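First comes one chain, alone, set out as structure tokens in the form deposited in one PDB entry.
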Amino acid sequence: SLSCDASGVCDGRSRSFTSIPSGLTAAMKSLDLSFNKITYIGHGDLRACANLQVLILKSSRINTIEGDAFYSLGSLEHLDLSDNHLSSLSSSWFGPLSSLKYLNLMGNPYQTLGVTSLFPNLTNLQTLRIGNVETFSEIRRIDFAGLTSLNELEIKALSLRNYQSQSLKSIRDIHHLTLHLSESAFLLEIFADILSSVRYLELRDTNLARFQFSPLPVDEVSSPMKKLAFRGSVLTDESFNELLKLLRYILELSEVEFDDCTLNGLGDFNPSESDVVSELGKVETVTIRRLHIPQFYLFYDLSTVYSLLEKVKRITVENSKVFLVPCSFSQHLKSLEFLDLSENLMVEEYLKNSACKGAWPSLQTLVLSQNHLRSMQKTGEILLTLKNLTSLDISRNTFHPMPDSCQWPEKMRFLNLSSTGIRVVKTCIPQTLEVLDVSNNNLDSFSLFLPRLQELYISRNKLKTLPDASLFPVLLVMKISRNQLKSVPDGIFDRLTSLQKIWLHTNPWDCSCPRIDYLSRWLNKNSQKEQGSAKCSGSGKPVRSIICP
């Protein structure tokens, strides 16, 4: 019942197969037998497809596979056996897969990878995923023997009971290691074994409240780790300080991320300057998303973080209930160039303290997207302290109408006012602008002369008339989809002499011929410039298809 295309890609997915279909051929390049009910794979089921490159067997109900089932798949590059019922793995399955690049064994109920190294013959392996949520409980030294370099290694071990020291040490290089660990018990041992190989370590769902640092029993070496991320972790202010002590081993770390974590303030954590980490090495990017701090009144005089972020260039603290960045802290972020405080609780009065006289000295880009700002004039006035600011994003803030006169940072060339509920644009917006986004608002027209404007985004508004071409003599990009445009003045787009891209779709274009002639002809001569396709109101026919005699 399977169907193959002309390139040997065959689909046998979501059938009710209870066994590998018979009559497979050497012409098959890809076989998808996922979501079936193939309980057993025998000695000869896959012997005929010797040229197979891709074999997907996800979520079928495989519980038994004969040891030599893959003997003729010497050209196989992708094998997905994830989410099946394999409670035991056999080294025999992989012995003949010399061309294998991707192997997914995750989601099967085995407790360990077995007593025999499974991957020594997989010399070309690039991606390996293993483990499960409830049963994988031990990682052994023999587990990764034979593997030298991997682009991605994912180990799901939420129920881990034991990690044999040095298990991960035999791997020479790992570009991205993803570890699902529920407890911090083996973190020091694991960390010690990946110091020479891992370039990006990602730790998921780890409760690190009990984590405590101790120098590692390993020889000194230059670690290639550049990125470290924690996803869904639980920390205490004390354990966080302990984690920072690991930085001494990863001197090239440049980026750190904390997503969906929770930080608990002990309330007794009174560390001396001796045990407190105040240096952050070469970390230049810090990204925090959805951080939950239960009781902030349980933290001490957090001034150590001031010396911690002095060299950081990019900081993101998104959707974490931030309502204030104290002035003294802002003054210490001397190297900061990009600051994103999207989806927080910032209001003008507190932003005024956050952006005090010498705050964020080097700042070039400030994102205050989804906050509680109400006045564009007051916001611009407050930000005059940021002398080097060139880009400002205040989108998704509910602003009252803007006035005719406003003060803004002198170098500001980018301003995002998308989704701010504005009904009119006034001269509050400066002529220094090169990029303006006023999309998703309630605008009925646009008449602002912005001589240096290179990009205008005004999609999702209520314009019934295209803004005058003379308003943007050097415009490169115009986005005006989803408005209420029915026509355009003859020759208008040819007057946008620098135009490179334009979005005109989702508008009720009137394709009656003694009117749509110019637009249809322009679209035919400028297909490269159009993004999306303008369609006629009613028929839904592409505007370009219309030809007026």
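Residue positions are given as counts along the sequence shown, with the first one as 1. Just so we're on the same page, rigid core means the largest C-alpha set that superposes within 1.5 Å between forms.
Only in words, not in the display: the form deposited with a partner chain bound, which the text now covers.
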Item to check | Heavy atom of each of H292, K321 and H372 within 4.5 Å of its partner chain in the bound PDB entry | outcome: yes
Checklist outcome for this item: The stretch from 405 to 413, 372 to 380, 169 to 177, 147 to 155 that lies within 4.5 Å of its partner chain in the bound PDB entry, judged by heavy atoms, is 372 to 380
Checklist entry - Do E279 and its partner chain share at least one heavy atom pair within 4.5 Å in the bound PDB entry? => result no
Item to check | Close approach of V305 to its partner chain in the bound PDB entry, 4.5 Å, heavy atom | outcome: no
Next on the checklist: I'd like to know whether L298 contacts its partner chain in the bound PDB entry, with contact meaning heavy atoms within 4.5 angstroms.
Outcome noted: yes
Checklist entry - Can you check whether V347 is within 4.5 Å of its partner chain in the bound PDB entry, heavy atom basis? => result yes
Checklist entry - Tell me, which of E343, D340, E455, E202 has a heavy atom within 4.5 angstroms of its partner chain in the bound PDB entry? => result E343
Next on the checklist: If the cut-off is 4.5 angstroms on heavy atoms, which of these, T262, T116, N353, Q126, is the one near its partner chain in the bound PDB entry?
Outcome noted: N353
Next on the checklist: Taking only shifts of 2 Å or more in Cα after a rigid core superposition between the shown form and the other one, tell me which of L216, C356, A185, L266 qualifies.
Outcome noted: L266
Checklist entry - With the core lined up, does the C-alpha of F329 move 2 Å or more between the shown form and the other one? => result no
Checklist entry - When you overlay the rigid core, is the Cα of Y300 off by 2 Å or more between the shown form and the other one? => result yes
Checklist entry - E255: CA shift of at least 2 Å between the shown form and the other one after core fit? => result no
Checklist entry - How does the CA gap of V276 and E242 change in the bound PDB entry versus this form, closer or farther, if it moves 3 angstroms or more? => result farther
Item to check | Direction of the Cα shift between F299 and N241 in the bound PDB entry, where the change is 3 Å or more | outcome: farther
